[PDB]
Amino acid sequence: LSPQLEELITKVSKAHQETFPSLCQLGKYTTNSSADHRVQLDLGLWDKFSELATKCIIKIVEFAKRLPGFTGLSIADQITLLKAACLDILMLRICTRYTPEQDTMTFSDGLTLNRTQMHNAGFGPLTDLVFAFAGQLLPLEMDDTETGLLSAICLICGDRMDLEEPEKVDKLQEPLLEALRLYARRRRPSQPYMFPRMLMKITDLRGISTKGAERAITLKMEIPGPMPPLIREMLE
């Protein structure tokens, strides 16, 4: 046991909760826009969705800055890491807000969209793949501490191209991995495959983020103007 590792778990856990409300802590509300038929793009939904996505990018940067040692990396590396992992974390976050009973996803202001509305808000051809990933995440029954640590592991990764000090990044990732294994095994000792199953979700997330970036390219041709600036930063 390590006092420092236990403090890291709570630090990351609190950083995640304070930048990402849990599904049960949100007062859900709906909209009746394009609710019953799939269309190429409902502009009203795209406008609201893109605004919510921008707000969450700011929350992810906020979360990153609260991760022990992140602000110790060069600003260039901080930006490189965020640009490389923001969409992965955006995908994990929306998928943790999936309510299977209603086949809905919920945003941080409580906006709860059904599958067709997610499709019409911009997900388009990627809609069902995103919902399937969310469905496959359910069995893991991760809690918020686990989601926060997994997110931190996705972000603090030394394999990202253009890092100035990849070894320093690798060193910062080490305790996050130790923390997640310790926490996960302690919480559910009879399910020892949970830690490796969680780590493999990172590869799935990268796949779904890759497809999300491809969808952003086509979506650009469907919207009247350019995507929100912080979203463009993430996509470059």
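Note that residue numbering begins at 1 and tracks the sequence as displayed.
_Mean C-alpha temperature factor, higher of 39-47 and 61-69_ = On average, C-alpha B-factors are higher across 39-47.
*Report the stretch with the higher mean CA temperature factor, choosing between 98-106 and 147-155 on the basis of the entry.*
Stretch with the greater average CA B-factor: 98-106.
*Which one of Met161, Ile79, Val130, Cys86 shows the top CA temperature factor in the record?*
The C-alpha B-factor peaks, among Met161, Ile79, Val130, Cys86, at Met161.
*Could you tell me which third, lowest, middle or highest, the C-alpha B-factor of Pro192 occupies within its chain?*
It falls in the middle third of the chain.
*Tell me, lowest, middle or highest third: where does the Cα B factor of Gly124 rank within its chain?*
Middle third of the chain for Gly124's C-alpha B-factor.
*Divide the modelled residues of the chain into thirds by Cα B-factor and specify which third, lowest, middle or highest, holds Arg206.*
According to the entry, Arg206 has a C-alpha B-factor in the chain's highest third.
*Just say lowest, middle or highest third for the CA B-factor of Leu52 relative to the other modelled residues in its chain.*
For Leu52, whose C-alpha B-factor we compare with every modelled residue in the chain, the answer is the lowest third.
*Comparing against every modelled residue in the chain, figure out the third that the C-alpha B-factor of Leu199 lands in (lowest, middle or highest).*
Middle third - that is where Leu199 ends up once the chain's C-alpha B-factors are sorted.
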